[PDB]
Structure formats: C-alpha cells, structure tokens
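For reference, the structure is listed below as structure tokens.
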Amino acid sequence: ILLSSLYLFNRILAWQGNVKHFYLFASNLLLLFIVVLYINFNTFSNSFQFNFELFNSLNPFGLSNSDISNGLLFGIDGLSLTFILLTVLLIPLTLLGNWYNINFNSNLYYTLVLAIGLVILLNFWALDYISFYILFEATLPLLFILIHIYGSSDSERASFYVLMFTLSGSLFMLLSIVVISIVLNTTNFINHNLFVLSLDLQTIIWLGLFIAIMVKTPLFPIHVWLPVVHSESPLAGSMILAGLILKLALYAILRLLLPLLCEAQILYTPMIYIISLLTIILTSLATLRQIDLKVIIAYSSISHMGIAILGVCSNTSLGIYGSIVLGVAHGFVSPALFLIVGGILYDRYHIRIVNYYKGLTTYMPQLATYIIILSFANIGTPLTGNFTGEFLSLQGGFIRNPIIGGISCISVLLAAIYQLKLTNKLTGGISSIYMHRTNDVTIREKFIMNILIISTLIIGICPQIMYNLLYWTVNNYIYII
Amino acid sequence: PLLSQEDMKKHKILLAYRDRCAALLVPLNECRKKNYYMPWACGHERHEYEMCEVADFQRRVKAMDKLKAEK
Amino acid sequence: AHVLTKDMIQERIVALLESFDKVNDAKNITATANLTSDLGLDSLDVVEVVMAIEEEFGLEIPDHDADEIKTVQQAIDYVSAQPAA
Amino acid sequence: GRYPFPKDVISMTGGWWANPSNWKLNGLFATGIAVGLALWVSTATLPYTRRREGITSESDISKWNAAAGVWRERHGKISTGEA
Amino acid sequence: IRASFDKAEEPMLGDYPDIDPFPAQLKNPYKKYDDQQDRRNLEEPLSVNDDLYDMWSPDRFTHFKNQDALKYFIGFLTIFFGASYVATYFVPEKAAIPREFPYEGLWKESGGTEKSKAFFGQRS
Amino acid sequence: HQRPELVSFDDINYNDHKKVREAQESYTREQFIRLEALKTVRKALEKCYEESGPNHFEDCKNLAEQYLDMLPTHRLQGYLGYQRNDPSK
Amino acid sequence: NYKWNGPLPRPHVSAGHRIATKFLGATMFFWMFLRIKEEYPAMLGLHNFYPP
Ligand SMILES: CCCCCCCCCCCCCCCCCC(=O)OC[C@H](COP(=O)(O)OCCN)OC(=O)CCCCCCCCCCCCCCCCC
C-alpha cells in the first residue's frame with residue numbers, strides 16, 4: 001500500500017508537476033477516514049479507544065503488542081476527537097485558500113502546509129507527555145521556514161518571533177515534563193490522575209506548565225509575538241495558527257495540567273483569573289488603536305482565548321463545555337476573518353493599512369455582506385457558536401468568582417467596539433480614491449467562507465450536537481470533594 | 001359575605017384583589033369573560049364592585065382620621 | 001419631480017433685483033449688468049443681494065465664492081452650475 | 001431621479017432598481033415556495049403545541065406537592081423564614 | 001502638538017514630521033479635497049495621533065468648552081436631584097390608611113407558614 | 001439499555017485500571033442520575049406553577065422549596081475530588 | 001409658478017384629500033364630544049368618595 005501509494009505520488013509529480021492536487025485529495029481522504037472513525041467510536045465509555053504504540057523496542061518500525069511499553073502512545077477520547085474533527089475540517093480549506101496566489105516553489109509551500117496540519121492532527125492523538133511535547137515542538141521549524149520564505153515584507157522578524165517565543169515557553173514546559181518523568185517514572189495520560197504528588201511539588205510543576213500555557217495561548221503580558229507572526233505570515237500560516245495552534249494550548253490545559261496537579265490548580269486559580277481578566281481587558285483596549293487589518297484580527301483572537309481560559313479553569317462543567325465550544329467556534333470564525341483580510345483584500349491590493357480601505361460595499365456587495373456576517377459572528381451573536389462559548393465560559397467564571405466573572409462580562413462590549421469600528425470603516429462611506437475597482441469575491445473564496453459560516457451557525461443554533469462526545473469530559477476534570 | 005378560602009382559590013382570584021368583597025369580583029370577572037372585556041357591557045357588575053370599593057376606602061379614610069386624632 | 005432651466009434662473013434673479021429698492025433703476029437691469037457699476041450697489045448691498053439669492057434658490061454660498069460674482073451673468077451661471085438648486 | 005451604475009456589480013439583493021423583465025413569473029414561483037414553506041411548517045409544528053393550563057390534573061399537582069413534603073421531611077427541612 | 005497626548009510622543013519620534021493636528025471635522029467643508037468625504041488631499045502629512053483627528057474620530061462640538069459643558073451637565077443634575085430631595089420634605093400626608101387583608105394578611109396564600117408569618121403576609 | 005455494575009473507589013486496588021475506570025464511570029453516572037432527579041423536580045414545579053397561577057405559592061410551596069434545596073447538591077462534582085482524597089483519615 | 005414675489009394662488013388639493021380631512025376632523029370632534037358627555041362627572045371630578 002505505502003509502496004504503491006508512494007509510486008502514485010511520484011508519477012503524479014513527474015507528470016503534473018504540482019503536488020497540490022494530490023495533497024488536496026489526500027487531506028479529503030483523511031477527513032473521510034476520521035469521520036469513519038467517529039462512526040465507530042463508542043461514546044458510552046470514558047476510555048481511550050483507537051490505541052496504538054510506536055517505536056517500541058520489540059517493533060521499532062511497527063505497532064507493539066508487547067507486555068512492556070517503552071514507545072510512544074497514541075489514542076483518542078471524545079475530547080481529542082472533537083479537536084481532531086476540527087483539524088481535518090480546517091486542513092483542506094487551508095490548502096484551498098492559497099490555490100492561486102503561490103506561483104513559486106509552490107510544491108515546497110504546500111508540503112510545509114500539509115506537514116504542519118498533519119503534525120497538529122497527530123499531536124491531538126498523543127497519550128503521554130513526551131510524545132505530546134515532541135509533536136508540540138515539531139511545528140516550529142516548519143512555521144519558521146514557511147514564514148521566512150513565503151511571508152510578507154517583515155517576515156524575517158516574524159519567523160524569529162514565532163520560533164523564539166514558543167521555544168521559550170516550551171523549554172519551561174520541558175522542565176515540568178522532566179520533573180514528572182523522574183518523579184513518577186511514567187508519562188502516560190491514561191492513569192496520571194492516580195498519582196497524587198505532594199502539594200509543594202505540584203505547586204512547582206504547575207509553574208513550568210503554566211508558563212508554557214502563557215506563551216502559547218497567549219495571555220497577558222507575553223502576547224506581543226502573536227500580532228506580528230500573524231500579520232507577516234502567509235494566509236495558510238495565519239489560518240492554521242489562529243484556528244488550531246492556539247487551541248493546542250486549551251487542549252494542553254485540559255489534558256496535561258488539570259488531571260495531575262488538581263490541588264495546586266485549586267491553589268493557583270485566582271492568579272489565572274487575574275491573568276485572564278488582564279488579557280481580555282487590556283488586549284481588547286489595545287485593539288482600538290491599531291492601523292493594520294491583520295493585526296486587528298490577530299488581537300481579537302487573544303481576547304477570545306482569554307474568555308476561553310476563564311471558562312476552562314472555572315472548576316464547573318458549564319465552564320469547561322463553554323471553553324471547548326468557544327475554541328471550536330473560534331477555529332471556525334477566525335480563519336474566515338483571516339481569509340478576508342489576508343487573502344481577498346491583501347491579494348487584490350497588496351496592502352494592509354486601514355486608511356486606504358473605505359466604502360467597499362459599492363463595488364463588492366458580496367464581500368461586504370461576508371464582512372458583516374463574520375464580524376457579528378466574531379463579536380458573539382447568538383445562534384453562533386461563539387456566543388454559546390462566551391456565555392457558558394462566563395457562567396463558569398462568574399460561579400468560580402462572582403466579582404471577576406462579572407467584570408469579565410465587559411468583553412461583550414469591548415469586542416463589539418473594536419470589531420464594529422473596523423467593519424464600519426471597511427463597508428461604508430464613498431469608495432476609496434486610493435484603490436481601484438477589482439473583482440468581487442470569487443467562487444473559491446465564497447466556498448471557503450460558506451463552509452466556515454455554516455459550521456459556526458450549526459453549532460450556534462444547536463450546541464448540544466457536540467455533547468455526545470463531551471459529556472464524560474465535562475466531569476473528568478472538576479475537583480469537588 | 002367574605003369568601004371562603006377554598007372558593008377564593010377555586011376562582012383563582014389575584015392575591016391583591018382578595019378582599020372583603022372578592023365575592024362581587026367573581027361575577028364581574030365571569031361577565032367580563034363572557035363579553036370580550038368590552039367597555040359598554042358588564043356595567044351593573046362593574047358598578048357593584050366599585051361601590052364595594054367605595055365603602056372599603058371609606059372605612060379606611062375614617063381609620064386614618066382616628067389615627068390622626070390620636071396624635 | 002422639479003427641474004429648473006437657465007431661463008427660469010434668470011427670470012427669478014431679474015424679479016429679485018427688480019423688487020430690491022436700493023437699485024438705481026429697474027429697466028436698466030441687464031443680463032450682463034454689473035451690480036457694482038451699472039446698478040450702483042454698495043459694498044454691503046451686493047452682499048444683501050447674494051444673501052437674497054441663496055435664500056431664494058435654497059443654497060449656501062462660501063465666503064470666497066460669494067465675493068467673486070460681480071455680474072448677473074456670473075450669478076446665473078453659478079446658480080446653474082449647482083445640481084441641488 | 002436615477003443615475004448610471006456599474007452593470008457588472010452583482011448583488012444577491014439585485015443592486016440598483018432591480019426590476020427583472022420576467023419578474024411576474026419569478027413572482028409566481030416565489031409565492032408558491034412561500035405558501036409551501038408556511039403551510040408545511042404550520043402543519044409540522046402542530047404536534048408540539050399545547051395550552052398552558054388544563055394539561056395535568058389537580059390529582060397530579062396535589063400528589064406531587066405531597067411527595068415534595070415527604071421528601072422535605074425525610075431530610076431535615078424547615079421552611080423559608082421558619083426560624 | 002496641541003494636546004497632552006501628542007506632546008507625550010515628541011521624544012518617541014526621530015526624523016518624522018512633528019505635525020500640528022487639526023480635527024478634520026472642523027476643516028471647513030467647502031474647500032475642495034481629493035477625498036471630499038475625508039477632507040484630505042493626497043500626500044498630506046499625518047499626525048502621529050492621526051486616528052484621533054480624522055473624520056472617523058469621535059465627533060467634537062465647538063459650542064461650549066469641554067470644561068464648561070461639564071459644569072452645565074453637573075449643575076443640571078445637582079439642581080434636579082437636590083430640588084427633588086428637598087421637595088420630599090414639604091410633602092402632604094395622605095387621607096386613607098393603607099388597605100388590609102383577611103387571614104392576618106393572607107400569609108397562607110403568599111406561601112408562608114405558622115412559624116414564619118413576618119416574612120410572608122400582608123398588613124392584616 | 002445498559003446497566004453497568006457499580007464500583008466504588010474505596011474497595012478497589014488502584015493498580016487494576018479496569019476497576020478504577022469502572023469506579024470513575026459509576027460515580028459520574030450516579031451524578032447524572034441525581035441531575036435527572038433534579039430536572040424531574042423542576043418540571044413538576046413548572047407544571048404546578050403554570051396550572052396554579054395566583055395561588056401557586058400555596059399549591060407549589062413544597063416543590064419550590066425542594067427544588068431550591070436540591071439545586072446546590074444535585075449538580076456535577078466530578079470524581080477527582082473523591083478518588084484523590086480518602087475521607088476517613 | 002407663474003408669479004414671483006407676488007400673491008400666491010389658492011392651493012389646489014384633491015377632492016379625496018379634502019373629503020378625508022372632513023371625515024377625520026368630524027370624527028375626532030364628535031368622538032371627543034361624545035366622550036365628554038358620557039364621562040363628565042368622573043373626568044371632571046365629582047361625587048367625592050370621602051364621607052361628609
Ligand atoms: C515529525 C514529528 C514527530 C513524529 C513522531 C511520530 C511520527 C508518526 C508517523 C505517522 C504514523 C502514525 C499514523 C499511522 C499509525 C496508525 C496505523 C494503524 O494501523 O492504526 C492502529 C490502530 C489499531 O489498529 P489494529 O490494532 O491493528 O486493529 C485494526 C482492526 N482492523 O488503528 C486505528 O485505530 C486507526 C488510527 C488512526 C490514526 C490517525 C493518524 C492521523 C494522521 C495520520 C498520518 C499522520 C502522519 C504525520 C506526518 C507528520 C509527522 C508528525
């Protein structure tokens with residue numbers, strides 16, 4: 001199979017010359033395969049189901065059935081399945097959004113994009129700390145290369161930011177993982193809630209883990225790399241980064257931190273709430289005085305992640321469900337806004353300064369409708385998944401701490417301010433003098449945006465449709481005596 | 001006559017209307033239900049309840065007069 | 001709706017000037033007449049006239065342009081150049 | 001009145017003074033779809049409709065309140081303000 | 001140049017024109033501009049805090065000074081609230097005693113219980 | 001309809017993962033049953049209120065008090081608190 | 001618009017609009033009269049409910 005499929009790949013490359021059709025086909029097959037897996041997934045059980053092990057000593061190149069397990073573990077539960085489905089949904093759209101604007105070394109570009117997508121998808125399958133960390137860092141070289149070669153004018157500094165900040169956080173994560181390894185001599189996620197470390201040791205390990213979470217989510221005050229890396233990334237890099245790599249952080253909290261360091265998490269929760277309220281308020285305010293389109297869209301994601309964090313550390317089932325739903329809805333909506341600003345407007349006019357843009361409704365009414373819909377979705381209109389996520393997250397946060405959650409309810413207003421201030425200038429007024437008329441949104445762009453819009457609407461009208469995968473998870477991590 | 005607690009529940013009188021002549025409230029509300037709350041109808045029953053409330057408020061103004069006189 | 005014609009503008013302006021009192025004469029008002037010279041209007045009287053013209057046609061004259069019109073032809077052409085008149 | 005407008009601009013709302021030459025036949029189609037959708041949903045949502053009162057009996061209500069009292073007595077439950 | 005926040009930025013510019021910012025809303029609207037709606041001509045220099053002085057900026061009103069408008073706002077509120085509060089004193093007394101209800105104020109019908117009749121129950 | 005057998009954390013040796021998983025799942029399922037009891041209470045209260053209207057206070061006092069009582073205790077609380085702590089000591 | 005700076009002609013208004021005006025005005029005035037007659041004591045304030 002693998003030999004034959006490799007032959008097929010080689011022949012397609014030799015004859016056609018551009019791998020991108022093969023990659024699109026492949027990613028669609030992967031999506032279908034994951035859907036088949038969902039069909040055969042038992043939901044009346046809190047146990048990992050499609051388990052396999054790699055690089056075991058008895059079978060380094062195959063799967064292990066040995067009675068000693070020294071390789072890397074993989075498997076899924078409902079929580080991993082949700083994000084995996086999101087990933088396989090997003091990857092083909094990431095390939096498709098750059099279908100025409102890459103005219104050089106295109107095969108390498110598509111290879112990097114598909115590789116990053118596969119790395120994240122595999123990362124969600126990881127079942128122990130070491131493999132999780134391995135696949136968690138494996139993206140950074142690919143992101144560095146991609147941003148450096150296929151990025152905009154300031155792409156060199158962008159690539160250095162995206163590598164350095166994430167390494168900086170990941171190495172403290174590595175300290176915590178090394179401490180866990182040498183203290184427990186185990187690394188798995190299957191039974192790691194069974195080990196009850198001393199409170200002081202929990203308090204120490206929690207620091208490294210949460211520093212990694214601060215850099216990767218990001219949270220205030222170490223969020224300054226994200227707006228850059230977004231603004232100078234090419235479209236696929238921005239869509240992947242906004243839609244999957246940030247959710248890797250939330251998945252990291254739920255999988256690595258909460259089951260193992262429960263008591264220390266209980267001790268540290270108000271500090272988390274300080275940091276999340278900081279990120280929400282301060283980044284939302286800082287968004288008001290930006291002049292770049294992609295930078296503003298990037299700043300939106302940080303605030304939504306702040307609300308997600310407030311949900312996920314609320315020690316309530318509603319808070320956790322809200323954090324997950326908000327993560328999924330953000331993965332639907334933010335790639336769409338990035339598609340607009342960095343693939344439609346940027347590919348037509350090759351500029352991102354806000355002053356140039358005005359009154360796009362006259363020549364491009366369809367693009368204006370899309371902007372309006374996506375912006376009201378981003379600020380949390382009900383019947384959109386974003387609203388369900390923000391509402392449930394805020395419920396959990398208000399329960400966990402009434403004052404802090406009540407103040408956090410100002411995020412609704414702040415989000416409306418920056419987003420609608422942007423869309424007001426973009427859609428209306430008299431058509432700009434600086435730019436000329438160009439085509440309206442095309443069939444491909446409309447297809448991608450329709451996919452994202454219908455996904456967010458579907459989970460916004462009936463968020464319950466996710467519950468069958470998540471009803472174990474909403475109880476697996478809350479710590480009430 | 002003051003209505004029975006059972007009767008007053010059975011007719012589902014509003015709490016604020018449950019007084020010494022909810023007895024006249026019951027037929028008035030029944031009339032108001034048969035007609036469609038039209039202003040011209042239920043005249044007799046409406047006047048009857050109002051004349052209750054006249055007597056009712058009258059005993060009240062006299063009670064406040066007595067209270068005032070004490071001071 | 002309602003649309004004006006150059007001759008309509010000219011007729012309204014002629015009637016306007018006819019009813020103004022500080023004018024020298026009514027018959028001498030020509031299409032190319034100079035208010036300053038022919039009709040002998042004061043510094044301020046032509047100002048009163050331009051205010052009357054804007055009040056009549058329902059427009060607003062900037063300071064730099066009001067003082068620029070010196071003849072009735074200039075006034076008629078200016079009023080015909082503005083779409084909402 | 002009116003003014004020139006670019007003809008290439010396609011909007012699902014129709015753009016400027018959209019008044020298609022076959023508008024009466026498209027209108028027949030539209031009203032057919034309208035009556036179809038309205039009637040279908042009016043019939044489909046019929047089973048989920050009910051009145052507010054008269055659904056359950058006094059028997060059920062009183063027995064449920066009595067059961068609630070039984071529960072509150074099995075546990076040690078005083079009333080509000082009962083102190 | 002004029003405002004404190006623009007003055008704050010003067011050390012932070014190096015070789016960029018220190019522009020005096022003028023609210024674009026207050027530029028008279030009868031001059032001609034390349035973009036009439038924004039009242040800007042092409043290649044006009046931009047103040048560092050431009051986004052606070054363009055047309056899209058929050059509207060500014062010229063009639064009263066800001067401080068003076070604050071004085072008026074606070075004055076209206078104070079006079080209204082104080083006049084109402086002092087008027088509360090010079091109030092006539094009513095003529096009819098408040099109404100009462102049977103069964104010790106229907107404390108049974110508004111829930112209530114024998115042990116707690118003060119929480120639920122009318123004037124009786 | 002599945003009725004998996006109930007297991008408790010107190011009896012089990014934490015080194016047999018099958019039993020530990022069963023204990024976790026049993027605890028969760030019992031919490032969900034308690035939720036169903038709370039919802040049944042609430043639905044009965046809604047029907048009571050809607051049919052009693054003005055005298056809903058007297059008619060529904062018991063249900064209202066019971067619902068308010070079971071609210072703080074019949075939610076989810078998750079198993080980590082009880083498996084990671086032994087209440088005896 | 002034949003005359004300028006001169007007395008204006010009597011406005012021309014449609015028959016229907018004059019008839020609508022007459023009907024609306026007649027109805028409002030008649031309704032107001034009927035209401036005052038029917039409610040005079042209560043709306044003006046009479047028959048004090050206090051004891052003499
Ligand atoms: C460079 C970064 C660091 C690299 C570290 C790790 C590199 C790993 C390389 C990728 C290989 C993993 C994917 C293939 C392994 C799974 C093969 C398999 O057969 O699944 C095993 C599992 C159980 O199967 P079995 O027990 O045999 O019973 C069959 C009953 N009919 O059967 C199943 O349940 C199905 C399991 C589905 C797994 C989905 C995997 C998602 C992505 C697949 C391709 C990913 C390739 C990644 C490339 C980039 C590198 C990360």
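Coordinate-derived values only; no laboratory data. Neighbour counts are summed over all protein chains in view; Cβ atoms, including those assigned to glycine, are modelled from backbone coordinates with ideal geometry.
Does A:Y479 satisfy the criteria of being within 14 Å of chain F (Cβ to nearest Cβ) and part of a helix (DSSP H, G or I)? Here the answer is no, as A:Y479 does not meet what is asked. Within the stretch E:88-124, the residues that satisfy the criterion of being farther than 23 Å from B:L3 by Cα and either assigned to a helix (DSSP H, G or I) or within 14 Å of chain D (Cβ to nearest Cβ) (or both) are E:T88, E:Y89, E:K115, E:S116, E:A118, E:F119.
The residues of the stretch F:11-60 that are away from chain E (no Cβ under 14 Å) and hydrophobic (A, V, I, L, M, F, W, C), listed by number, are F:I12, F:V20, F:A23, F:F32, F:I33, F:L35, F:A37, F:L38, F:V41, F:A44.
Within the stretch E:4-43, track down each residue that is part of a loop (DSSP other than H, G, I, E, B), acidic (D, E) and surrounded by 11 or more Cβ atoms within 10 Å (Cβ to Cβ). Correct list: E:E9, E:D18, E:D34, E:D38.
Being surrounded by 12 or more Cβ atoms within 10 Å (Cβ to Cβ) and near the ligand (Cβ under 9 Å from one of its atoms) is the filter; apply it to the stretch A:64-75 and report the residue that is nearest to the other protein chains (Cβ to nearest Cβ).
Initial filter on the stretch A:64-75 (surrounded by 12 or more Cβ atoms within 10 Å (Cβ to Cβ)): A:64, A:66, A:69, A:71-75.
Among the residues that remain, those that are also near the ligand (Cβ under 9 Å from one of its atoms) are: A:72, A:74-75.
Numbers: A:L72: 19, A:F74: 18, A:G75: 13 Å.
Among them, the one singled out is A:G75.
Looking at the stretch A:106-119, is at least one residue outside any helix (DSSP H, G or I) and more than 9 Å from the ligand (Cβ to nearest atom)? No: zero hits.
Remark: pairs (first residue in the stretch A:30-58, within 12 Å of the ligand (Cβ to nearest atom); second residue polar (S, T, N, Q); Cβ separation under 7 Å; 6+ apart in sequence or on different chains) = A:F41/A:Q49; A:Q49/A:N42; A:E53/A:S64; A:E53/A:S69. Taken as a whole, the condition of being in contact with a helix residue (DSSP H, G or I) (Cβ under 8 Å, 6 or more places away or on another chain), farther than 26 Å from A:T187 by Cα and not basic (K, R) applies to A:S27. Of the helices (runs of 4 or more DSSP H) that lie entirely inside chain B, those containing 2 or more residues that are more than 14 Å from chain E (Cβ to nearest Cβ) span B:22-34, B:43-70.
If you go through the stretch A:2-16 one residue at a time, how many are exposed (fewer than 10 other Cβ atoms within 10 Å of the Cβ) and either more than 12 Å from the ligand (Cβ to nearest atom) or on the phi > 0 side of the Ramachandran plot (or both)?
Within the stretch A:2-16, the subset exposed (fewer than 10 other Cβ atoms within 10 Å of the Cβ) is A:2-4, A:14-15.
From what is left, the residues that are either more than 12 Å from the ligand (Cβ to nearest atom) or on the phi > 0 side of the Ramachandran plot (or both) are A:3-4, A:14-15.
Counting residues in the stretch A:2-16 that are exposed (fewer than 10 other Cβ atoms within 10 Å of the Cβ) and either more than 12 Å from the ligand (Cβ to nearest atom) or on the phi > 0 side of the Ramachandran plot (or both) gives 4.
Please verify whether A:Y356 is aromatic (F, W, Y), within 14 Å of another protein chain (Cβ to nearest Cβ) and not in a loop (DSSP other than H, G, I, E, B), treating the condition exactly as stated. No: the conditions fail for A:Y356. For the stretch F:45-55, the candidate set comprises residues that are more than 26 Å from the chain's Cα centre (by Cα) and crowded, with 19+ Cβ neighbours inside 10 Å; within that set, the residue that is farthest from E:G111 (Cα to Cα) is F:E51.
The number of residues in the stretch C:47-68 being under 19 Å from G:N5 (Cα atoms) and of a type outside the set (D, E, K, R) comes to 8. Check the stretch A:285-292 and report whether any residue there is in contact (Cβ under 8 Å) with a residue 12 or more places away in the chain, closer than 24 Å to A:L143 by Cα and touching a helix residue (DSSP H, G or I) at 6+ places or on another chain (Cβ under 8 Å). Yes, some residue in the stretch A:285-292 is in contact (Cβ under 8 Å) with a residue 12 or more places away in the chain, closer than 24 Å to A:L143 by Cα and touching a helix residue (DSSP H, G or I) at 6+ places or on another chain (Cβ under 8 Å). Quick check: anything in the stretch A:76-92 near the ligand (Cβ under 9 Å from one of its atoms), touching a residue at least 12 places away in the same chain (Cβ under 8 Å), more than 19 Å from the chain's Cα centre (by Cα) and at negative phi? Checked the stretch A:76-92: no residue is near the ligand (Cβ under 9 Å from one of its atoms), touching a residue at least 12 places away in the same chain (Cβ under 8 Å), more than 19 Å from the chain's Cα centre (by Cα) and at negative phi.
Restricting attention to the stretch A:136-154 and to residues that are polar (S, T, N, Q) and over 18 Å from A:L90 (Cβ atoms), the residue that is nearest to the ligand (Cβ to nearest atom) turns out to be A:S152. Every condition in (1) in contact with a helix residue (DSSP H, G or I) (Cβ under 8 Å, 6 or more places away or on another chain); (2) not in a loop (DSSP other than H, G, I, E, B) holds for G:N5 except the one numbered (2). For the stretch D:64-83, the tally of residues that are of a type in the set (K, R) and surrounded by fewer than 12 Cβ atoms within 10 Å (Cβ to Cβ) stands at 1. Take the conditions (1) farther than 30 Å from A:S231 by Cβ; (2) within 14 Å of the ligand (Cβ to nearest atom); (3) surrounded by fewer than 23 Cβ atoms within 10 Å (Cβ to Cβ); (4) away from chain F (no Cβ under 14 Å); A:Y133 misses just one of them, which is (1). I'm checking my understanding of the structure. Among residues of the stretch A:365-390 that are surrounded by fewer than 21 Cβ atoms within 10 Å (Cβ to Cβ) and of a type outside the set (S, T, Y), which one is farthest from the other protein chains (Cβ to nearest Cβ)? Step by step, filter the stretch A:365-390, then rank; the result is A:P382.
Of the set (1) among the small types (G, A, S); (2) in a helix (DSSP H, G or I); (3) near the ligand (Cβ under 10 Å from one of its atoms), all apply to A:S27 but (3).
Considering only the stretch B:11-33, I want to know if a residue exists there that is surrounded by 14 or more Cβ atoms within 10 Å (Cβ to Cβ), under 25 Å from E:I97 (Cβ atoms) and basic (K, R). Yes - at least one qualifying residue is present in the stretch B:11-33.
Name the residues in the stretch C:1-33 that are crowded, with 16+ Cβ neighbours inside 10 Å, in contact (Cβ under 8 Å) with a residue 24 or more places away in the chain and over 22 Å from C:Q82 (Cα atoms), would you? Listed by number, the residues that qualify are C:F20, C:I29.
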